[PDB]
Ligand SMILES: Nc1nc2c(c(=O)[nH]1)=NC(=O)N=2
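A single chain, nothing else alongside it, follows as structure tokens in the form solved without 8-oxoguanine (OXG).
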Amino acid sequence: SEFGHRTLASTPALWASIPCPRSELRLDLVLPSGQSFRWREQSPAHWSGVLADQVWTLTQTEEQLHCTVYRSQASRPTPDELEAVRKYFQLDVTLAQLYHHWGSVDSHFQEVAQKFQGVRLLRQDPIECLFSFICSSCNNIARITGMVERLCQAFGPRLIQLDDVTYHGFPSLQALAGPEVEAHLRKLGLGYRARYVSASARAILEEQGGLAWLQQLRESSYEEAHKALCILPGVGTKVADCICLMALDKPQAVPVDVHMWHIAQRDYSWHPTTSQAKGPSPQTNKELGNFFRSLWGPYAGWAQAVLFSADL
């Protein structure tokens, strides 16, 4: 009973809650949607993963978000630990208000988003986010999730073990920048991405100023932030936009891939004006990204998540 992953019903006394109706957050819509790849629904409707360097299990009901953390001597989440969960889901950002704004300026959203409330962006760590998305090249959520999982098992610090699952924190810069890491990563199937992880871990640490550099980008402007990241090997416009949108607090960033194009040509009859190329291209993509930022406003990136979900 005191073993394995917990459930709200099995170990009641060890849970705490955060007021949050499903209209504000839908775990099943956000945790496996491809923002973070470290959450698993071990028990139905129960998600487990590493948040703030500790293992948590989250599950929601009516107007509550239930949290339980595995640090000894158990005990429900504390006032502050639960606060970390709040910052992670950026709950202070009200979706009810955003859906209202986007819906009032975009009829197609109005309809489409009705059946998909509770979609929002996670406030991730710049490192985990930088390296996870460097691995998303020529890949899908399932592939990426696997790679990222073996990567932490191999170089991340061992947290705690639940059932036959051992949790690891995301690798540090020192670890990814170490000797022979690229070779190690290739054995884990990362392919050519192995080079970028390693090259990028070294660049931040030996050419840019380390962790601080990355972090400091949360205070910089979207344009500065975007430019900075692109400096890294394996980090282009797309990955830079994801990192900006997902870890550096830039809600206006709008990552453009052939997917966003499909949603644009099918639900808006969008077409490139400036750039000549009709298919995706550096210039046409930038243009497409500007279209949505003009259409949805500052949180264009959050609106995109909503559509991607409903398009599933």
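From 1 onward, residues are counted along the sequence shown.
Beyond the structure shown, there is the form solved in complex with 8-oxoguanine (OXG), which is absent from this document and is the topic of what follows.
Visitor: How would the site be scored, open or blocked, if 8-oxoguanine (OXG) were superimposed onto this chain using its pose in the deposited complex (blocked means 3 or more ligand atoms within 2.4 Å of backbone or C-beta)?
Guide: Open.
Visitor: Does 8-oxoguanine (OXG) get within 4.5 angstroms of any non-hydrogen atom of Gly34 in the deposited complex?
Guide: Judged by the heavy-atom cut-off of 4.5 Å, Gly34 is in contact with 8-oxoguanine (OXG) in the deposited complex.
Visitor: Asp257 near 8-oxoguanine (OXG) in the deposited complex, any heavy atom under 4.5 Å?
Guide: Residue-level check for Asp257: yes, a contact with 8-oxoguanine (OXG).
Visitor: Since only the chain is shown here, I'm wondering whether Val148 would be in contact with 8-oxoguanine (OXG) in the deposited complex (any heavy atom pair within 4.5 Å).
Guide: Judged by the heavy-atom cut-off of 4.5 Å, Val148 is well away from 8-oxoguanine (OXG) in the deposited complex.
Visitor: Although the partner isn't part of this model, could you tell me whether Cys242 comes within 4.5 Å of 8-oxoguanine (OXG) in the deposited complex, counting any heavy atom of the residue?
Guide: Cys242: contacts 8-oxoguanine (OXG) in the deposited complex.
Visitor: Only one of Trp102, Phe133, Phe155, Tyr167 gets a heavy atom within 4.5 Å of 8-oxoguanine (OXG) in the deposited complex. Which one?
Guide: Here the answer is residue option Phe133.
Visitor: Which listed residue (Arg86, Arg123, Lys238, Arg76) meets the criterion of a heavy atom within 4.5 Å of 8-oxoguanine (OXG) in the deposited complex?
Guide: The option sitting close enough to the partner is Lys238.
Visitor: Can you check 282 to 290, 56 to 64, 267 to 275, 249 to 257 and let me know which stretch has heavy atoms within 4.5 Å of 8-oxoguanine (OXG) in the deposited complex?
Guide: Partner-contacting stretch among the options: 249 to 257.
Visitor: So which residues in 295 to 311, when you check 8-oxoguanine (OXG) in the deposited complex, have a heavy atom no farther than 4.5 Å from it?
Guide: Contacting residues: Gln304, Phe308.
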